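Trainee: One structure is given below, represented as structure tokens, and several questions about it will come after.
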Amino acid sequence: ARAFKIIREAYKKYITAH
Amino acid sequence: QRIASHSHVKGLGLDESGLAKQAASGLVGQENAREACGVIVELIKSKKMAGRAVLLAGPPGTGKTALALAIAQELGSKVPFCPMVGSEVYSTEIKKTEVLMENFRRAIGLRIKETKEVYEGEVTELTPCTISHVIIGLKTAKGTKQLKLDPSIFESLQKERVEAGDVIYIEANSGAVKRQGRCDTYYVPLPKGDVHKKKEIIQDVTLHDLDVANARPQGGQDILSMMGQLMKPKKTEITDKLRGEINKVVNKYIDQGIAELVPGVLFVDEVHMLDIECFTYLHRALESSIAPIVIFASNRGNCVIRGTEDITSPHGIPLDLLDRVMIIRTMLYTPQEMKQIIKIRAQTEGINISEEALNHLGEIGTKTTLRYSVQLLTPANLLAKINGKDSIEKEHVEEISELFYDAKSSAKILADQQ
Amino acid sequence: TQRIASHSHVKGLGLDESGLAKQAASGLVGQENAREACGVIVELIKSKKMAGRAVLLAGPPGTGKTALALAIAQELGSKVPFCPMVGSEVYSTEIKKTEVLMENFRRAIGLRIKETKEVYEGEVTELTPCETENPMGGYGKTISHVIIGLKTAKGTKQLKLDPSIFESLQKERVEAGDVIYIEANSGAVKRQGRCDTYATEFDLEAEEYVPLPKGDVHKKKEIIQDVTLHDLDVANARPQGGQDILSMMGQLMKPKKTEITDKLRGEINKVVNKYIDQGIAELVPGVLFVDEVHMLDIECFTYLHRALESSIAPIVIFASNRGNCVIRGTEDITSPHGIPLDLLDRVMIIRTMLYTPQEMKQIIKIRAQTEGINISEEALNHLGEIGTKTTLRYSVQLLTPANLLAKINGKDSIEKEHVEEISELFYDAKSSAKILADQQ
Amino acid sequence: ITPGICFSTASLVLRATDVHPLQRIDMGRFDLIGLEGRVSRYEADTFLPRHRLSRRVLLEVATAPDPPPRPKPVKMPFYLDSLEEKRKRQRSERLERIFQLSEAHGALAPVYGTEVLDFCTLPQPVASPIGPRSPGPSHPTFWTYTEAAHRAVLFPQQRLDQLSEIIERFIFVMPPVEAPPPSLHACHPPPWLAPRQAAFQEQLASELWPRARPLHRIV
Amino acid sequence: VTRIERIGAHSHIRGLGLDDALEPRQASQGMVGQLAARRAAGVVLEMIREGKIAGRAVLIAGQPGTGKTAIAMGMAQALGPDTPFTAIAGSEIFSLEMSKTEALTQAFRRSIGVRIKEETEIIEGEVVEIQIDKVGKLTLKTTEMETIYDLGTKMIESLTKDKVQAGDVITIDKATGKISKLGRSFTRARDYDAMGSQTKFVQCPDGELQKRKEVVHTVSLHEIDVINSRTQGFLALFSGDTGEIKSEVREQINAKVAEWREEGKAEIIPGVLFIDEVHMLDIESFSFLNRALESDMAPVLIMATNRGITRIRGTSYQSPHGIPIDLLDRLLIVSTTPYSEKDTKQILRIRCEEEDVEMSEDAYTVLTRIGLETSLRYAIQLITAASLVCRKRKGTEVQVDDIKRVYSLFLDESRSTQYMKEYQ
Ligand SMILES: Nc1ncnc2c1ncn2[C@@H]1O[C@H](COP(=O)(O)OP(=O)(O)O)[C@@H](O)[C@H]1O
Ligand SMILES: Nc1ncnc2c1ncn2[C@@H]1O[C@H](COP(=O)(O)OP(=O)(O)O)[C@@H](O)[C@H]1O
Ligand SMILES: Nc1ncnc2c1ncn2[C@@H]1O[C@H](COP(=O)(O)OP(=O)(O)O)[C@@H](O)[C@H]1O
């Protein structure tokens, strides 16, 4: 589950950057 | 309306100090027996005891049924009172013991207040929104309201073939849809109240009704459809499984304050008609912590028990069950008391009686059973009416008593025996 | 393991090769004459030649009638059917008395049926047809065989079937990479599901991602199934199946269910004879044990005339308890053992004897040994002494409560004090009868 | 065929004696029998007690709305002061009733519950000569039931087939007179009463009439 | 507040009043007296709790009013709900849908418990989206995390025919038996005017999406009726199916229970069958009990009866306790002696404590003296009656003159029979 949280954090950073 | 044998009995007729009056709410005489009934009626109102049992004993016609009915009247409608004849236990669908247990459970009631609401009106529009919900417009004489409806309810609407202009009663908690008709203007009147009806139903139920509703399933649309079609007899509930689980849920709601238990009475007439295996089940059953108060009535003395074929016992009831029972004796009326009963019955039944007619009718009640003097009133009044009179003159009772015989006189006639 | 019951200690009739008993062979003590007698009837069963023969175990209560009646069952082993019923089971609401008797009669006749079946399975890797020369004019694409490659955990093998299997395979809608089942003689193809090596990793599907089969691609075994004739009868009376709306007598349970001779004999004995004379099945005629037979009705006793005189009957052991006694269902007809003289003319009677004190000490010892009790010789002797005064069964029954008193008192075995204590906590029938005779 | 099939006639109110909309009690708080095929031991004993949705949490989700998702990517005049008050009032009523009903509809647990019955229920032909359905030879009851024992139960299909030769010849009895169903029942009926019976007969004759097709030869 | 179970005849008996050494106390947890009988009852209770041996049978005998039923309730309260205690009267087997024998068998099997333990993998979460093209994908959510699953045809057919929808809190197991758990709290306001009777709104789960269900539950062996029909749990709510085949009862269910026990998925906990008023059985039922007690996994029988040397039902024969000698040979008999002036007064005191009645010591003396003459069971009823007659008199304690106010209203079997000189 914490891996899902980490993965979503990374994805949100990418979306905000683009 | 429709006078009946006991419809003059309006209560036990005690005063605030317990002691019985000579004449009261329909009842006259039976000082000691009415006193005893007054003592047990507060056992009933106490809601504290379980399975307590009373035997109203005495000759036929001595008010024992009348005293049981007087108890039922003394309590009102807020507590159950179940009349059974001991003869009724001989069911052909159900084992005697289970008829008896079902009746034990009819006598425990359960009051429950549901503040509940139903939406009703002429449907002005339906739009389902895979369906997330359905918006439905409902109209009454006090305006229109737009409802959002759970999408599962949207099945019921299509099953009832509701469409705009119909009048429906979609119930809020069940989601149940009933199509009351087509609206008047196109058939049933447009509902004249508010579209969102809300009311506190405080009506009460019983444990047995609950058991029966839990015995068999409903709906399903599968193989169950054919269970909706077979002959539907009654079958025994399971002692240590279902009816106990019912007890658990009822206790859960009592704890929550949603429901209140009202222990009632089971009144068994002609208890001498129970089988011995019924008597013994019964005295294994009214020792349970959940039983009602049971009132037994028997009108025969020392005689042989049913189903033993030789065992003799007082009141036709085994000594085992005659223990663990409180006996109230009822006794034969004096001529004065029978005169008073005849008068009370006459004024209940709508009859006027001349004093000398009443006195000789009571004397008949001394040569013959009281119930027969009470029988003669209406046909005697009918003769008087057909002779244009208002009162029963003695000329009518002392002649109607020739058309109709009583048990003893007709038995003397039968003694020609060919 | 399982709980200890009244007869858990009897393991056989206890007979040596000459058909005698030494004194206490295989959990039974005494009764040498009776044990020899039903030693003969054990071999009457094993020879499979006779039908409807009947033996009546007659004696006082507690004299081992039931015990050696089911010691016979131990001698026969689990192979043959031994069907116990008590004389009170015949009275029924759904079905007539004599029909219960017939059901039990051919519930005691077994039929063990042997059949090899042989199977192919695995992940199917190759599925290619084999074209051949045109059988007739020039259509082309004439399939003569079909090659199918199956993988298991043992190895991968390719197999040729004839084109009918190609059709069935396609109609079963199997794909390369799923796991099938082929039944060689019958010719069926059954799809038991896509192979788990193509795993459910994010597939939620309920269709079985079945694991790759273990063992050889081809496997055969002799299935050996034993059925009673009554199982065949019942399965024919109220059959299963998801069709034929009569089979949707499914809400209903099954009263009225008295089976019919047209079926019973006309349709079901022929198939058993066929399987037997074909080399597929063996009949295993067993035993019907009816204890408390005295409880049967006169109608039942008279039906047993016909039933015992049949060629298609088991051998029947009756056990009875009563003296010269009124037959049930009669108006005061008195006869021995509560059984009509007419039926007693048809049974060999085995008499069971009432035990000596020595034999009762032995039985008490064996019962203590079986229930797991340790008992001192003094307590054993006292149990014997109080058991000479009353019935053996009471003497035996005192063991476990006395052992509980011993355990509570910290002792590892029954000291005489505990049997004394229990013999005053509990009464036997005779003592209680005296109490009842004294007080009203 | 007698068109003199009788039809009973009654009053409207007779056919409407046992109906009442807002004087009857809700029995849905007591029906244990309705849970057994449909509710779980785990659901009532474990899930609901933890995830009970208090009045609070549903009043909370009645706050500002939730934002939309983004799944596409892959990388591996004025207003009446009383009107708004009334709207607030009935919104509060609405939410309190969601609480009341969502609590009342999950208040009692099954007597057994679906997994208990699943654990207890054995494969369907419990004690028959013929085996239950088998997934395949990988599991034990494939290797315990012989086909020769299966050939002897003669399901009703072959009963019809093998009797067909004598069904064709010896079935000839008819009742000398025939009438439509036991009666029709005319009145000024409740409007819902007729749709429901017609729907029930649709629901029956749609399912098991194909199953009556095998009996057609006899009928 | 008054609940379903209120003050009945044996309500004060909260257990069997014994030491750890099984020695009974003079007065203890509800029970008073009957030292011999209560010690014997304790011993058979101990062999119930050990559970090692099968078909043991005890007869509690003695006059009306000794405490046979009281002792049975003491045993039943001493034993926890874990062990099945089945109480019937001998009259309950006289059925119309069953014979005497089948009903007695069903009672026997009701007295054997089976503790199921079941252990299943589960997927649980709020459905965020469903897609279907046949094949599709399903998006499940728990408050911790979200995932896609790919759907096969059977799963799709049990999404659509279940009408699962976005927002449904769904639950799926291996070898799927998908059940809808709840409704999302976001797709809400549906009860702005109505909800479906089955609909619930409680919130989506937390933690991992895949979890393990442990479920433990005591069925009775009578779960045989769960396999006697097509849909069969119903018959546990209406007694329904009557004579289920012995060919499935005694081999299939027992064999599968043994298999469960050996795998460790179940365990039999043998309990008690208490037949009260057992003299009501017919020789058919008694002679059935003969063999039933010999069976491998019978419960322990307890029987109670108050009969002397009497006729056995179904016969013209007479025997002790009215039950056959061949069955008494199979029983251990516990006799109960009546109470003296010391124990009658004490159980009246206990009953006053239970019914919450306060009495003068004079009133206790009078009530005991009355009970020792007519009947014990009658003095217990006068307690409540005097409480009520004193409550209307504006009193607070039952008094000697009040016992007499009751003693003339409700007359015993003795005086009641003595007043039948009228012979109507
Ligand atoms: N105390 C009473 N006061 C007035 N009327 C009475 C009284 N007792 C009996 N009656 C009348 O006399 C009739 C006698 O019948 P009933 O009391 O039913 O007989 P039983 O006592 O055998 O039940 C009653 O039906 C009732 O109409
Ligand atoms: N020959 C024997 N050897 C060992 N134990 C015996 C023998 N006979 C009787 N018993 C024991 O005594 C009990 C009484 O015998 P049983 O056959 O049950 O009585 P009945 O003859 O009335 O059927 C049995 O349950 C068994 O435990
Ligand atoms: N040992 C006891 N301790 C407490 N109360 C008792 C005792 N024995 C009897 N009682 C009371 O007296 C009543 C009569 O005893 P009960 O066991 O019902 O009679 P029976 O022995 O005929 O079954 C009981 O219902 C109970 O209220």
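In the structure tokens, chains take the letters A, B, ... in the order shown, each chain's residues start at 1, and ligands count up from 1 in the order shown.
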With only C-alpha atoms counted and 6 Å as the cut-off, give the residues of chain D in contact with chain E, each with its shortest interatomic distance in Å and the pair that gives it, as JSON lines.
Mentor:
```
{"residue": "D:51", "atom": "CA", "partner": "E:203", "partner_atom": "CA", "distance": 5.6}
{"residue": "D:52", "atom": "CA", "partner": "E:202", "partner_atom": "CA", "distance": 5.4}
{"residue": "D:53", "atom": "CA", "partner": "E:202", "partner_atom": "CA", "distance": 4.4}
{"residue": "D:94", "atom": "CA", "partner": "E:192", "partner_atom": "CA", "distance": 4.8}
{"residue": "D:98", "atom": "CA", "partner": "E:191", "partner_atom": "CA", "distance": 5.6}
{"residue": "D:102", "atom": "CA", "partner": "E:200", "partner_atom": "CA", "distance": 4.6}
{"residue": "D:121", "atom": "CA", "partner": "E:227", "partner_atom": "CA", "distance": 5.8}
{"residue": "D:127", "atom": "CA", "partner": "E:248", "partner_atom": "CA", "distance": 5.2}
```
Trainee: Produce as a list in words the set of residues near ligand 1, where near means within 6 Å with only C-alpha atoms and all ligand atoms considered.
Mentor: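 Residues lying within 6 Å of ligand 1: residues 5, 6, 26, 27, 28, 29, 30, 60, 61, 62, 63, 64, 65, 66, 299, 341 and 371 of chain B.
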Trainee: With C-alpha atoms retained, write the just-selected residues as a PDB file, in the first residue's frame.
Mentor:
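The new file result_17.pdb reads:
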```
ATOM      1  CA  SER B   5     -73.309 -13.879  25.716  1.00  0.00           C
ATOM      2  CA  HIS B   6     -70.677 -11.826  27.596  1.00  0.00           C
ATOM      3  CA  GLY B  26     -71.694  -6.008  34.325  1.00  0.00           C
ATOM      4  CA  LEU B  27     -70.631  -8.519  36.967  1.00  0.00           C
ATOM      5  CA  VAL B  28     -72.780  -9.301  40.011  1.00  0.00           C
ATOM      6  CA  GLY B  29     -71.919 -11.686  42.823  1.00  0.00           C
ATOM      7  CA  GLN B  30     -68.824 -13.900  42.824  1.00  0.00           C
ATOM      8  CA  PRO B  60     -71.042 -24.825  34.333  1.00  0.00           C
ATOM      9  CA  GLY B  61     -72.627 -21.385  34.234  1.00  0.00           C
ATOM     10  CA  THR B  62     -70.880 -19.957  37.326  1.00  0.00           C
ATOM     11  CA  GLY B  63     -69.213 -17.032  35.537  1.00  0.00           C
ATOM     12  CA  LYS B  64     -65.750 -18.534  35.064  1.00  0.00           C
ATOM     13  CA  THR B  65     -65.605 -17.603  31.371  1.00  0.00           C
ATOM     14  CA  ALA B  66     -67.207 -14.305  32.378  1.00  0.00           C
ATOM     15  CA  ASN B 299     -66.290 -26.906  34.311  1.00  0.00           C
ATOM     16  CA  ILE B 341     -77.955 -11.157  36.316  1.00  0.00           C
ATOM     17  CA  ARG B 371     -78.254 -19.480  31.431  1.00  0.00           C
TER      18      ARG B 371
END
```
Trainee: Excluding residue A:4 and its own-chain neighbours fewer than 4 positions away, which residues fall within 8 Å of it when counting only C-alpha atoms? Please give them as number ranges by chain.
Mentor: A: 8; E: 145-146
Trainee: Suppose we keep N, CA and C atoms; can you now write the selection as a short mmCIF file (atom, residue, chain, number, x, y, z; two decimals), in the first residue's frame?
Mentor:
```cif
data_model
loop_
_atom_site.label_atom_id
_atom_site.label_comp_id
_atom_site.auth_asym_id
_atom_site.auth_seq_id
_atom_site.Cartn_x
_atom_site.Cartn_y
_atom_site.Cartn_z
N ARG A 8 1.87 7.17 -6.52
CA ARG A 8 0.95 8.26 -6.82
C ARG A 8 1.63 9.61 -6.61
N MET E 145 -5.56 2.41 -1.29
CA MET E 145 -4.96 2.19 -2.60
C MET E 145 -6.01 1.73 -3.61
N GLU E 146 -5.64 1.79 -4.90
CA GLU E 146 -6.53 1.50 -6.01
C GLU E 146 -5.86 0.54 -6.99
#
```
Trainee: List the spatial neighbours of residue C:324 as a CSV table (one decimal) with N, CA and C atoms, in the first residue's frame - criterion: any atom at most 7 Å away, only C-alpha atoms, same-chain residues fewer than 3 positions off excluded.
Mentor:
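Contents of the output file around.csv:
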```csv
chain,number,residue,atom,x,y,z
C,334,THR,N,-50.4,-64.3,22.8
C,334,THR,CA,-49.2,-64.4,23.6
C,334,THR,C,-48.3,-65.5,22.9
C,335,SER,N,-47.0,-65.2,22.7
C,335,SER,CA,-46.1,-66.1,22.1
C,335,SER,C,-44.7,-65.9,22.5
C,336,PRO,N,-43.8,-66.8,22.3
C,336,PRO,CA,-42.4,-66.7,22.8
C,336,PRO,C,-41.7,-65.5,22.2
C,337,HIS,N,-40.9,-64.8,23.0
C,337,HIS,CA,-40.0,-63.7,22.5
C,337,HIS,C,-40.8,-62.6,21.9
C,338,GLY,N,-42.1,-62.6,22.1
C,338,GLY,CA,-42.9,-61.6,21.4
C,338,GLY,C,-43.0,-61.7,19.9
```
Trainee: Between C:152, C:390, C:376, C:185, which has the minimum distance to residue C:118 (counting only C-alpha atoms)?
Mentor: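 Using only C-alpha atoms, the shortest distance to residue C:118 belongs to C:185.
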Trainee: For chain E, which of B:279, B:405, B:267, B:186 is the closest residue, counting only C-alpha atoms?
Mentor: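 The closest residue to chain E is B:279.
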Trainee: Excluding same-chain residues fewer than 4 positions from stretch 16-24 of chain B, what lies within 10 Å of it counting only C-alpha atoms, as a list in words?
Mentor: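 These residues fall inside the cut-off: residues 9, 10, 11, 12, 28, 29, 30, 31, 32, 33, 34, 35, 36, 38, 39, 337, 340, 341 and 344 of chain B; 389, 392, 393 and 394 of chain E.
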Trainee: For a quick check of understanding, using only C-alpha atoms and all ligand atoms, which of E:62, E:42, E:264, E:24 has the smallest distance to ligand 3?
Mentor: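 For ligand 3, the nearest of the candidates is E:62.
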Trainee: Within 12 Å of residue D:185, counting only C-alpha atoms, which residues show up once you throw out same-chain ones fewer than 5 positions away? Write them as a VMD selection string, please.
Mentor: chain D and resid 5 to 12 14 to 15 193 to 194
Trainee: Could you dump the residues just selected with N, CA, C and O atoms as a PDB file, in the first residue's frame?
Mentor:
```pdb
ATOM      1  N   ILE D   5     -67.291 -22.388 -17.653  1.00  0.00           N
ATOM      2  CA  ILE D   5     -66.346 -22.165 -16.567  1.00  0.00           C
ATOM      3  C   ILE D   5     -66.841 -20.987 -15.743  1.00  0.00           C
ATOM      4  O   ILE D   5     -67.060 -19.886 -16.265  1.00  0.00           O
ATOM      5  N   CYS D   6     -67.046 -21.225 -14.455  1.00  0.00           N
ATOM      6  CA  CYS D   6     -67.636 -20.215 -13.592  1.00  0.00           C
ATOM      7  C   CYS D   6     -66.622 -19.120 -13.281  1.00  0.00           C
ATOM      8  O   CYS D   6     -65.408 -19.349 -13.285  1.00  0.00           O
ATOM      9  N   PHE D   7     -67.124 -17.913 -13.018  1.00  0.00           N
ATOM     10  CA  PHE D   7     -66.300 -16.836 -12.486  1.00  0.00           C
ATOM     11  C   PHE D   7     -66.962 -16.239 -11.254  1.00  0.00           C
ATOM     12  O   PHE D   7     -68.117 -15.804 -11.301  1.00  0.00           O
ATOM     13  N   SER D   8     -66.219 -16.257 -10.147  1.00  0.00           N
ATOM     14  CA  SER D   8     -66.676 -15.697  -8.888  1.00  0.00           C
ATOM     15  C   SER D   8     -66.703 -14.174  -8.966  1.00  0.00           C
ATOM     16  O   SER D   8     -65.888 -13.547  -9.649  1.00  0.00           O
ATOM     17  N   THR D   9     -67.659 -13.578  -8.258  1.00  0.00           N
ATOM     18  CA  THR D   9     -67.830 -12.134  -8.236  1.00  0.00           C
ATOM     19  C   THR D   9     -67.850 -11.650  -6.794  1.00  0.00           C
ATOM     20  O   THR D   9     -68.467 -12.275  -5.926  1.00  0.00           O
ATOM     21  N   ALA D  10     -67.174 -10.529  -6.549  1.00  0.00           N
ATOM     22  CA  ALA D  10     -66.979 -10.012  -5.204  1.00  0.00           C
ATOM     23  C   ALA D  10     -67.000  -8.491  -5.231  1.00  0.00           C
ATOM     24  O   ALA D  10     -67.047  -7.867  -6.295  1.00  0.00           O
ATOM     25  N   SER D  11     -66.975  -7.906  -4.037  1.00  0.00           N
ATOM     26  CA  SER D  11     -66.912  -6.460  -3.904  1.00  0.00           C
ATOM     27  C   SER D  11     -65.466  -5.977  -3.957  1.00  0.00           C
ATOM     28  O   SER D  11     -64.520  -6.723  -3.689  1.00  0.00           O
ATOM     29  N   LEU D  12     -65.308  -4.703  -4.319  1.00  0.00           N
ATOM     30  CA  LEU D  12     -63.993  -4.066  -4.323  1.00  0.00           C
ATOM     31  C   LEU D  12     -63.328  -4.169  -2.950  1.00  0.00           C
ATOM     32  O   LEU D  12     -62.180  -4.625  -2.817  1.00  0.00           O
ATOM     33  N   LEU D  14     -63.834  -6.105  -0.436  1.00  0.00           N
ATOM     34  CA  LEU D  14     -63.457  -7.460  -0.043  1.00  0.00           C
ATOM     35  C   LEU D  14     -62.063  -7.795  -0.551  1.00  0.00           C
ATOM     36  O   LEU D  14     -61.199  -8.248   0.207  1.00  0.00           O
ATOM     37  N   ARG D  15     -61.830  -7.576  -1.846  1.00  0.00           N
ATOM     38  CA  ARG D  15     -60.526  -7.807  -2.445  1.00  0.00           C
ATOM     39  C   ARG D  15     -59.474  -6.833  -1.931  1.00  0.00           C
ATOM     40  O   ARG D  15     -58.283  -7.049  -2.185  1.00  0.00           O
ATOM     41  N   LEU D 193     -53.479  -5.201  -8.856  1.00  0.00           N
ATOM     42  CA  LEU D 193     -53.718  -6.626  -8.644  1.00  0.00           C
ATOM     43  C   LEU D 193     -53.535  -7.432  -9.929  1.00  0.00           C
ATOM     44  O   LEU D 193     -53.014  -8.554  -9.895  1.00  0.00           O
ATOM     45  N   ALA D 194     -53.947  -6.878 -11.075  1.00  0.00           N
ATOM     46  CA  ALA D 194     -53.908  -7.620 -12.334  1.00  0.00           C
ATOM     47  C   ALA D 194     -52.502  -7.642 -12.932  1.00  0.00           C
ATOM     48  O   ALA D 194     -52.018  -8.716 -13.349  1.00  0.00           O
TER      49      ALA D 194
END
```
Trainee: Could you list, as a list in words, the residues of chain D having an atom within 9 Å of chain B when counting only C-alpha atoms?
Mentor: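 My answer is residues 21, 22, 23, 24, 25, 26, 27, 28, 29, 30, 31, 32, 33, 34, 97, 101, 108, 111, 190, 191, 192, 195, 196, 199, 200, 203, 204 and 207 of chain D.
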Trainee: Please report as a PyMOL selection string which residues of chain A come no farther than 12 Å from chain E, using only C-alpha atoms.
Mentor: chain A and resi 1-8
Trainee: Please identify the residues whose atoms come within 7 Å of ligand 2, using only C-alpha atoms and all ligand atoms, and report them as a PyMOL selection string.
Mentor: chain C and resi 6-7+10+27-31+59-68+321+363+367+392-393
Trainee: Give me, as a list in words, all polymer residues having an atom no more than 12 Å from residue C:358, counting only C-alpha atoms and skipping those fewer than 2 positions away in the same chain.
Mentor: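 Near neighbours after the sequence-gap exclusion: residues 23, 24, 29, 30, 354, 355, 356, 360, 361, 362, 363, 364, 365, 380, 381, 383, 384, 385, 387, 388 and 392 of chain C.
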Trainee: Could you please determine the separation between atom CA of residue C:276 and atom CA of residue C:111 in Å, to one decimal place?
Mentor: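 Computing the Euclidean distance for atom CA of residue C:276 and atom CA of residue C:111 yields 9.0 Å.
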Trainee: Would you name the residues within 6 Å of ligand 3, counting only C-alpha atoms and all ligand atoms, and put them as a PyMOL selection string?
Mentor: chain E and resi 9-10+30-34+64-70+347+377
Trainee: Counting only C-alpha atoms, figure out which residue out of C:189, C:245, C:56, C:25 gets nearest to chain D.
Mentor: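 Between C:189, C:245, C:56, C:25, the residue approaching chain D most closely is C:245.
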Trainee: What residues in chain C lie within 12 Å of chain B, counting only C-alpha atoms, written as a list in words?
Mentor: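 In the required form, that comes to residues 242, 245, 248, 249, 250, 251 and 252 of chain C.
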Trainee: Based on the backbone DSSP call, show me all residues of stretch 256-415 of chain E assigned alpha helix (DSSP H), as a ChimeraX atom specification.
Mentor: /E:256-263,283-293,325-328,341-355,361-371,376-392,400-407,413-415
Trainee: Enter the distance from atom CA of residue E:290 to atom CA of residue C:227, in Å, rounded to one decimal.
Mentor: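 Taking atom CA of residue E:290 and atom CA of residue C:227, their separation equals 28.9 Å.
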Trainee: Between chain D and chain A, at 10 Å or less, what are the per-residue closest atom pairs and their distances in Å? Count only C-alpha atoms, order by chain and rising residue number, and return it as a Markdown table.
Mentor:
```
| residue | atom | partner | partner_atom | distance |
| --- | --- | --- | --- | --- |
| D:70 | CA | A:15 | CA | 9.9 |
| D:73 | CA | A:15 | CA | 9.4 |
| D:75 | CA | A:11 | CA | 9.1 |
```
